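Overview (structure and organization)
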There are 2 protein chains.
Amino acid sequence: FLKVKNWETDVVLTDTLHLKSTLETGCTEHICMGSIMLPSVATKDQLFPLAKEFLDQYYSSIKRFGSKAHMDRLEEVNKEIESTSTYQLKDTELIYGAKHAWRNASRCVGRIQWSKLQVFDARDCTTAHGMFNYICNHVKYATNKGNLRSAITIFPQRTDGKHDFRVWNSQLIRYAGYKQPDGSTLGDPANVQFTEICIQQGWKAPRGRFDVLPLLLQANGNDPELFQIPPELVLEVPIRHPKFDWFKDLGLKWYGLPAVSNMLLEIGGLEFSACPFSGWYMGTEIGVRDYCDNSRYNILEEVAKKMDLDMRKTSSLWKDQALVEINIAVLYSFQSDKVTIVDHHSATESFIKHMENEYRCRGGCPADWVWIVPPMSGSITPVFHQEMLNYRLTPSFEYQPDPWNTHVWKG
Amino acid sequence: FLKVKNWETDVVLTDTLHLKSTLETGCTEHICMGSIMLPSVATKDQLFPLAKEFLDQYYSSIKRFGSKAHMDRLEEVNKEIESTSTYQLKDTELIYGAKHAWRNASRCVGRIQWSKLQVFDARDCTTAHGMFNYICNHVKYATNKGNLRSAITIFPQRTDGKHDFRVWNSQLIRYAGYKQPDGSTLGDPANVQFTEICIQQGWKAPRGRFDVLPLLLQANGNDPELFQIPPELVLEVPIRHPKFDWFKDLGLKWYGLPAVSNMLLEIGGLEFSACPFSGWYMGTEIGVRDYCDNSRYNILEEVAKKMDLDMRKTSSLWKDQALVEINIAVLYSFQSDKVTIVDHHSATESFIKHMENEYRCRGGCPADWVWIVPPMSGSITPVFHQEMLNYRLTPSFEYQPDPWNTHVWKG
Ligand code: HEM
Ligand code: HEM
Ligand SMILES: CNCc1cc(F)c(F)c(-c2cc(C)cc(N)n2)c1
Ligand SMILES: CNCc1cc(F)c(F)c(-c2cc(C)cc(N)n2)c1
Ligand SMILES: C[C@H](O)[C@H](O)[C@H]1CNc2nc(N)[nH]c(=O)c2N1
Ligand SMILES: C[C@H](O)[C@H](O)[C@H]1CNc2nc(N)[nH]c(=O)c2N1
Ligand SMILES: [Zn+2]
């Protein structure tokens, strides 16, 4: 019945939710792997315990634990796992499972919103075109004219393994990355291998900077196909500073909608290999990681110059100073456009408040300190000072291999 | 034989040193405690294995593993643990053990220096006055006119338990903290309970801000006694900015020498309860933690004002902007005074290089990501992007209770 302390407010909370934890973390009694980025077909025997566990907590949630309805649904799913060696989720069960996959995502600082999630049931989808249509309506709904709304679209679950629905993009909206004749890189270096796959499958690249990538959609295990998101559905924010008018000359912009598409949603032992989900951006993901990561857009070089900073000396903190301006500007631009965004102080304060609620009415909140603390100004945000216990609850979002490493291809 | 990756350079290194790990981390297979700050008399039976292990690696180090000298020293220490149920370290063994306690300190970003350590053997000390004298010569030597040098002074080891040598200060040099009649706090709020103990034992407090605290020294389990470090031995740096002359008006200064005095040094199963050790400061400990921690000096309030920043809105990043100036100033002040200091970019780069050396010639480097990453500008330093394995090797520095919670007092 462990305790976690906050070393800024002296607040203690008691965690018992970790007792319901099931999966393994990577750590042992003699080694901690909490800074490792990714540490490590199904059968019908394994499937009923997972189904039972999920069903027991779902009916526990609607305040009908063990009622006739719960007992009949247990027997019903049991027999469906006899008949088909799989089963199907109720609409209500799918919405509960998705909302709790988010709720349980220990690397997510935005979970105070977890119960406000819009679930789009695309389990009737059969083709890549159908996926494109579903994905388009997700983008339009979640963007909502810049008044962004959280959403997830859930495609058919894995069955045999070789019939998988997969979005090959890592995010629904990403900027292209092309290498150069002189060896360097234009666009987004993260995506250079994906940008090349698109071209290998027929993409005709407008080889510039902020070129939105096309979708690569694989349906029912078939080879994936290219589709272009109507550019009117792709909302973008131009980045200006509220002081420095040379900022516009920098010519930077980002897309409004963060939408992860490469993860796996697990519910009651069922695996949804395509489940794109979207929220809104925290400022630092664009301004610190996207723009100033050394292997991403890498703009500290220029923003420092155009401020005339002492770049000769490492200890002038020219890099730090240019970093704060960039994030004031990303924020400023998004807000003056009514496009939803959150600064890393408001987001981290909300997560402390979210943590308090979870410990009260749930007995804990799995949390990954390495990922919750923002990538700048860490100790002036309250989560730096907050002990967190990390553990794996289900339903959950999991990593999965890139599909071009697994897909027994064909044509 | 685990692997750790750097996600900025794609470099991989292989860790086998973790196999020599002995102590437990707090984590299990189902919970990770890597963000918990402090997770959890000796006998003669437990003592020989610890002595043997330490001796086997010491003689392995001087390239005489298993020689006659090693076999005789094993038998000699064995028999001394028969005779006294304890044993005594050789001068060479004490220096090796201390240097490796540092080398093994997974929370320390400065370990590239671990083999340059000056060891002061105070095991002949018998009185609090003798401790004062030893501590004074440590301060003078390590300060070295601002050309700081690393050092440790090792007082008699624990024997029965009730005869402990302890420095009651948490650091040799700290600023006093006094509460106020109006409820607030002057000085350093961290130390308000220690500042009060000093007064309860007879300290006459010059109730101001940067008042250097007196030593509280307990010798051979006796009640501790107060001593004032000659102020000429306490080097201090006045904090000015290289742009903002209102900075001097702020009237800030810090002491040059970071010297931890409350930790326990463990060598071959022997426990040195008083082992003050000192290096030089990394800029962010003063400028970010000491000055801008909410429960420390808490100056973001004023530095923001005197810059005229948008403090009405949380998302103006006024706090971030005022943070970068303060750390440019702490650094600038220390350097213009020839007083050794390191910026968080140079320090974190050196630790990557140190990590590479350890994996090569040692098979690993225990490392605590939560503590290695600096408390500001985290992801623009290379350690943010560096996976680290944490594990506990011995010799080691350990936490221990504050002595005023344990000391069976008297007079
Ligand atoms: C509501 C607005 C949201 C905000 C402000 C937010 C914030 C964040 C941030 C800053 C990250 C770190 C991303 C990174 O550094 O790679 C993250 C990760 C994550 N978010 Fe949230 N998020 C939001 C909505 C959502 C939604 C709707 C879901 C799922 C339904 C979700 C699930 C996750 C997951 C699973 C991760 C982990 C990604 C990984 O491990 O690579 N978030 N979130
Ligand atoms: C050579 C210059 C050094 C630098 C730049 C340096 C840097 C640091 C920093 C920034 C911390 C974090 C302190 C905190 O946030 O509380 C730390 C912790 C630590 N340092 Fe180093 N250090 C140096 C020398 C030393 C020496 C000489 C020793 C021991 C002989 C040492 C042992 C430790 C230990 C044991 C900790 C952990 C303290 C704790 O867990 O609370 N360091 N160091
Ligand atoms: C591989 N890391 C995952 C990842 C990469 C990105 F690019 C993101 F934008 C987000 C993300 C996702 C959501 C729903 C909200 C938010 N604020 N960020 C997550
Ligand atoms: C309880 N945390 C430990 C702690 C507190 C402090 F105030 C320090 F200054 C240091 C420290 C120690 C050394 C040898 C070098 C350095 N750069 N910092 C460590
Ligand atoms: C090595 C380390 O685990 C890696 O850099 C992690 C650190 N924490 C992070 N935290 C967030 N939010 N996003 C990230 O990509 C990372 N990267
Ligand atoms: C909760 C958390 O473990 C605590 O704030 C830690 C985080 N990392 C730290 N890292 C350093 N270097 N120093 C600290 O005091 C802390 N505090
Ligand atoms: Zn761990």
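This part is about the domain arrangement of chain A. Residues and elements named next belong to chain A. Segmenting chain A into domains produces domain 1 (15–123 + 150–160 + 264–278 + 348–372), domain 2 (124–149 + 164–235 + 399–403) and domain 3 (236–258 + 281–346). Each of domain 1 and domain 3 has a C-alpha centre, and these two points are 36 Å apart. Facing the 6 residues of domain 1 at the interface are 6 residues of domain 3. Across the interface of domain 1 and domain 3, roughly 400 Å² is buried in total on both sides, 46% from carbon and sulfur atoms. Counting every contact that joins domain 1 to domain 3 gives 0 salt bridges. Remark: the boundary between domain 1 and domain 3 carries 5 residue pairs in polar contact. Elements that contribute at least two residues to the side of domain 1 that touches domain 3 include exactly β15 (277–278) and α10 (344–362). In terms of residue count, the dominant contributor to the side of domain 1 that touches domain 3 is α10 (3 residues). Here the side of domain 1 that touches domain 3 is built from residues that sort into 2 nonpolar, 3 polar and 1 charged.

All names here are of chain A. Between its first and last C-alpha atoms helix α2 (residues 68–83) spans 22 Å; for 16 residues at 1.5 Å apiece the expected length is 22 Å, and the two agree. Of the residues making up α2, those classed as buried are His-70, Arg-73, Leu-74, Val-77 and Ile-81. Down the axis, α2 shows its buried residues gathered within 105° of arc, on one side only. Exposed residues pointing more than 90 degrees away from the buried face of α2 are listed as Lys-68, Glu-82 and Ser-83. One or two residues past the end of α2 sits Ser-85, with phi positive at roughly 60°.

On to the interface of chain A and chain B, then. Contacts between the two partners involve 63 residues from chain A and, on the opposite side, 63 residues from chain B. Here chain A meets chain B over a buried area of about 5,200 Å², counting both sides, of which 60% is carbon and sulfur. Put simply, chain A and chain B have 0 salt bridges between them. At the junction of chain A and chain B, the tally comes to 28 residue pairs in polar contact.

This next bit is on the coordination of the zinc ion (ligand 7). Donor atoms from the polypeptide that bind the zinc ion (ligand 7) are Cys-27 of chain A (SG), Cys-32 of chain A (SG), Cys-27 of chain B (SG) and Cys-32 of chain B (SG), placed at 2.3 to 2.4 Å. For the zinc ion (ligand 7), the 4 donor atoms in the first shell make angles of 104 to 116° at the metal, a pattern classed as tetrahedral. Residue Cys-27 of chain B is classed as buried on the basis of its relative accessible area of 2%. A residue is classified by how much of its surface remains accessible, and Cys-32 of chain B, at 10% relative accessible area, is buried.

All names here are of chain A. In the vicinity of ligand 3, the contacting residues are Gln-171, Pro-258, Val-260, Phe-277, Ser-278, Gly-279, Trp-280, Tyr-281, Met-282 and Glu-285. A distance of 2.6 Å separates a nitrogen atom of ligand 3 from a polar atom in the side chain of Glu-285. In isolation ligand 3 offers 450 Å² of accessible surface; the protein chains occlude 66% of this area. Contributions of two or more residues to the shell around ligand 3 are made by β15 and β16 (281–282). Here the residues of the shell around ligand 3 are counted per class, giving 6 nonpolar, 3 polar and 1 charged.

What counts and what doesn't
- Residues numbered from 1 in each chain as written, not as in the entry; some residues may be left out.
- Chains lettered and ligands numbered in written order.
- Heavy atoms only, no water.
- Domains from an automatic or database assignment.
- Contact = heavy atoms within 4.5 Å.
- Buried area = accessible area lost by both parts, 1.4 Å probe.
- Salt bridge = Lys/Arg side-chain N within 4 Å of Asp/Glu carboxyl O.
- Polar contact = N/O pair within 3.5 Å; in protein donor to acceptor, adjacent residues only side chain to side chain.
- Helix = DSSP H or I, 4+ residues; strand = E, 2+ residues; numbered from the N terminus.
- Nonpolar A, V, L, I, M, F, W, Y, C, P; charged D, E, K, R; others polar.
- Expected span 1.5 Å × (residues − 1).
- Buried < 20%, exposed > 50% of the residue type's maximum accessible area, 1.4 Å probe, protein only.
- Arc of directions from axis to C-beta.
- Donors = N, O, S within 2.8 Å, 3.2 Å for Na, K, Ca; no water.
- Tetrahedral: all angles 85-135°; square planar, octahedral: opposite > 155°, others 65-115°.
- Near = heavy atom within 4 Å.
- Areas by Shrake-Rupley, 256 points an atom, 1.4 Å probe, with all protein chains shown as cover.

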